[PDB]
Each structure stands twice: as C-alpha cells, then as structure tokens.
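S.K.: Quick one: structure below, then a few questions.
Ideal geometry is used to build each Cβ from the backbone, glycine not excepted, and the neighbour counts take in all protein chains shown. Computed from the coordinates by the stated procedures, all read-outs in this text should not be read as laboratory data.
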Amino acid sequence: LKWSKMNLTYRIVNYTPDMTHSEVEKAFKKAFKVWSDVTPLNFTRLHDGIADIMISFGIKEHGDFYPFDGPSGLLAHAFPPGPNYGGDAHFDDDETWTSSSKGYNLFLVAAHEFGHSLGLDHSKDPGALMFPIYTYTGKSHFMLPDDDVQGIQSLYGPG
Amino acid sequence: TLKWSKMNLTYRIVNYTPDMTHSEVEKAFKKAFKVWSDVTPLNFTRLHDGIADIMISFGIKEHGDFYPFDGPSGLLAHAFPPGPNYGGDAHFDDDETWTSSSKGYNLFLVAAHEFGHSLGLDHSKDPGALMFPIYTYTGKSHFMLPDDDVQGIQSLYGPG
Ligand SMILES: O=C(CC1(S(=O)(=O)c2ccc(Oc3ccc(Cl)cc3)cc2)CCOCC1)NO
Ligand SMILES: O=C(CC1(S(=O)(=O)c2ccc(Oc3ccc(Cl)cc3)cc2)CCOCC1)NO
Ligand SMILES: [Ca+2]
Ligand SMILES: [Ca+2]
Ligand SMILES: [Zn+2]
Ligand SMILES: [Zn+2]
Ligand SMILES: [Zn+2]
Ligand SMILES: [Zn+2]
C-alpha cells in the first residue's frame, strides 16, 4: 500500500514554541528532501486547506485516540499513506524540539515520521532512520541509510 | 491488509453488563473468540487486568471515542480493527438488553461479529456472513461460522 500520486502535499498546521517558524519549516523541508532525493516523490508545501500530509504539534489527547505521553517517552506518530488521517504526522509538543541537540532534533524525528507517511515500516537495521530508537549524531549532514533508500524505493522507485 | 502480526492475542473484559452474570458474559466472549481461533492459528488468552490486545467494554452514550452510543436500539456495538491503543478493542452499548438466550441481543452473536472486526474483518454483502452488517439470531453451541467469514479470516491468518 502506498501513494498513487508521486506528487504529495504537506501543510504545517501549527508550530512548537521551541523553534522559530523558519527553524520548523527548514526541519520539515529538509526532512522531505531526505526521501524525495532518492525517489520520484515531490512535496509541495500548502499554507491553507487540506494537504496529503498534515503536520501538527499537540500534547496528550490531540484529536486521534493515540494520546501523547507528555514529556519524553513517545515523541511523535504518523499514519501510513491513505485518505484523511493517512500521511499525517503529529509531534508531541510536550517534547523540547530543536534544530540542534539540546532536546529532540525536529529534522531527525520528522524524517522518520515521513517515512511512516510514505509507507515505511520500522526497520530492524540498527543503523536505519526508520529504526524506532532516537539517535542523533550531531553531524551537520544527513545520509539516508541504505536500508531506508532500499525500503522507500521498493515502494516508489529510485530515479 | 490490516491484521495482527502475531497469532497470540490477549483480551481483557474491562467492565460488565448488568444484563448477564460475570460468567454469562465471560462465557459468551470465550465462545465468540473460539469461533475464530477454530479456523485460524489465532490464540486468545484472557487477562483480568492490564493492557490486553482486545479490551472489551460495555458503555453508554459517550464512552471514550469518536463513536458514541445512541442508547437503546441503533448501534448495538462496534469494534476497531487491528492496531495499537484502541485498535482491536470492542464496545457494546449497555443500553441494549444483552442475553445468552434470544430475548434481546445475544452477547455471543454480537461479540463474534465484533471480534471479527478486531481481527481485521470488514462487513460482508453476503446475507449469510456473520460479518453481515445486520443482526440475525440463530443460537446453538454447535455454531457454524459461515463459509464467507472463514474465507475472510483465513485470508488474514490462514486455516487452522
Ligand atoms: O516510531 C514511533 C514510536 C516511538 S518514538 O516516538 O520514540 C520515535 C519516533 C521517531 C524517532 O525518530 C528517529 C528514529 C531514528 C533516528 Cl536515527 C532519528 C530519529 C524515534 C523514536 C515510540 C514507541 O516506540 C518506538 C519509537 N513513532 O513514529
Ligand atoms: O456492524 C456494526 C454496527 C451496526 S450494529 O451495532 O447494529 C451491529 C453490531 C453487531 C452485529 O452483530 C451481528 C451481525 C450479524 C449476525 Cl448474523 C449476528 C450478529 C450486528 C449489528 C450499526 C450500524 O449498521 C451496521 C450494524 N458494528 O460492528
Ligand atoms: Ca512524550
Ligand atoms: Ca444503541
Ligand atoms: Zn496524533
Ligand atoms: Zn516510528
Ligand atoms: Zn466505542
Ligand atoms: Zn459490524
């Protein structure tokens, strides 16, 4: 199961008080770039209306009955490709989101989350972005692990 | 396909209907799960507390979800397909007369249909399927799970 459309659209519904609007827009745009760079997927940011992937920040009960645990623990959850809720990614605003390392790097979490949005299962490869354990190298460049490039491309193809 | 990536699923009966004794309820639920485990490799273990895979509940009106109960009649019950949290959970409207007989709604028949949902079964267009959207009573310990439901559940978990 995956996206019928190669051209997806996302909308940053709201923001975290931890980062500036640019900081968040850069994090997500860099996050989609991770996947688009290795597939035919295109991501267009939508300011208003319905978007294939609605990005939102919320705490505890936020409208889906998968409540966030608050500070630490669960950080974010995303729904697979599909209508309505599908593609959507929520970020536990009870977490300290960051561009660097102080708390939880948004770009890193968003990339993993968009993996789920594009249909990527959690990986078993300890060195894969889709591996369900948060790790941050601190490096100022991101390489998509081969596990991820393979998994995503097994869905939408390379170039 | 949405299903459970494990054959061993646990279930906890959270609260209880006033209509039947604890044992009537439990028993009716046992039978309802057996309907499915008998035609697939699915194992159902009961939990008296904690997080089970299939949390059963009897609640009226707003009972904690986007599917509020309408009181007497109408929606008799609903269940969620496989998934975390509430996925797989089943809810029965306690404004409906639950029974083990034919007077009122037989907990076993509704539970079985409901459990199919938790397992990943959609509704059938086949007027004979247990998953058929409408309610029909039959009752008999020598209960025959319709061929359709067999084909559907086994497409999910294979045969016994
Ligand atoms: O995958 C998850 C669930 C969690 S998580 O919220 O903690 C989580 C979410 C995103 C993550 O993103 C990254 C994963 C790996 C790397 Cl290298 C970077 C970020 C990590 C954990 C919580 C439950 O257990 C599995 C992980 N959410 O999508
Ligand atoms: O299917 C439903 C919802 C309803 S219901 O609550 O009335 C309902 C619930 C369980 C049922 O169980 C049975 C289904 C078929 C048979 Cl043969 C026996 C019981 C039937 C209807 C209400 C809206 O219309 C479809 C049916 N829940 O799963
Ligand atoms: Ca949290
Ligand atoms: Ca009702
Ligand atoms: Zn959510
Ligand atoms: Zn994840
Ligand atoms: Zn409910
Ligand atoms: Zn039903």
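S.K.: Restricting attention to strands (runs of 3 or more DSSP E) lying wholly within the range A:52-159, give those where 3 or more residues are surrounded by 22 or more Cβ atoms within 10 Å (Cβ to Cβ).
M.R.: Details: elements: A:53-58, A:76-78, A:89-92.
In the range A:52-159, A:53-58, A:89-92 are the strands (runs of 3 or more DSSP E) which contain 3 or more residues that are surrounded by 22 or more Cβ atoms within 10 Å (Cβ to Cβ).
S.K.: Please state which one of B:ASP53, B:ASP89, B:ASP65 is away from chain A (no Cβ under 13 Å) and of a type in the set (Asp, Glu). Step through it out loud before you land on a result.
M.R.: Working: B:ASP89 fails: away from chain A (no Cβ under 13 Å); B:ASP65 fails: away from chain A (no Cβ under 13 Å).
Answer to the selection: B:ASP53.
S.K.: I'd like to check something: does the range A:88-97 contain any residue that is farther than 16 Å from A:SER117 by Cα and not charged (D, E, K, R)? Break it down stepwise before answering.
M.R.: Let us first name the residues in the range A:88-97 that are farther than 16 Å from A:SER117 by Cα, namely A:92-97.
Subset that is not charged (D, E, K, R): A:96-97.
Within the range A:88-97, one or more residues are farther than 16 Å from A:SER117 by Cα and not charged (D, E, K, R).
S.K.: Which members of the range A:19-41 meet the condition of being more than 12 Å from the chain's Cα centre (by Cα) and either free of Cβ contacts under 8 Å to residues at least 12 places away in the same chain or within 13 Å of A:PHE114 (Cα to Cα) (or both)?
M.R.: Within the range A:19-41, A:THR20, A:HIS21, A:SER22, A:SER36, A:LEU41 qualify.
S.K.: So A:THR96 ticks every box in (1) within 14 Å of chain B (Cβ to nearest Cβ); (2) touching an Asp or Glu at 6+ places or on another chain (Cβ under 6 Å); (3) more than 16 Å from ligand 6 (Cβ to nearest atom) but one. Which box is left unticked?
M.R.: Only one criterion is unmet by A:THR96, namely (1).
S.K.: Answer yes if at least one residue in the range B:46-55 is on the phi > 0 side of the Ramachandran plot and touching a residue at least 60 places away in the same chain (Cβ under 8 Å), and no otherwise. Full working, then the answer.
M.R.: In the first step, residues of the range B:46-55 are kept if they are on the phi > 0 side of the Ramachandran plot; the result is B:50.
Still in the running and touching a residue at least 60 places away in the same chain (Cβ under 8 Å): none.
No: the range B:46-55 contains no residue that is on the phi > 0 side of the Ramachandran plot and touching a residue at least 60 places away in the same chain (Cβ under 8 Å).
S.K.: Take A:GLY82 and tell me if it is more than 14 Å from ligand 1 (Cβ to nearest atom), in contact (Cβ under 8 Å) with a residue 60 or more places away in the chain and within 14 Å of another protein chain (Cβ to nearest Cβ).
M.R.: Values: more than 14 Å from ligand 1 (Cβ to nearest atom): yes; in contact (Cβ under 8 Å) with a residue 60 or more places away in the chain: yes; within 14 Å of another protein chain (Cβ to nearest Cβ): yes.
The answer is yes for A:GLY82.
S.K.: Can you give me the number of residues within the range B:14-36 that are out of contact with any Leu (no Cβ under 9 Å at 6 or more places or on another chain) and either part of a loop (DSSP other than H, G, I, E, B) or buried (at least 18 other Cβ atoms within 10 Å of the Cβ) (or both)?
M.R.: Number of matching residues: 5.
S.K.: Checking A:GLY70 against (1) within 20 Å of A:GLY119 (Cα to Cα); (2) away from ligand 6 (no atom under 16 Å from the Cβ), only one condition comes out false. Which one?
M.R.: Here A:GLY70 meets the rest and fails (1).
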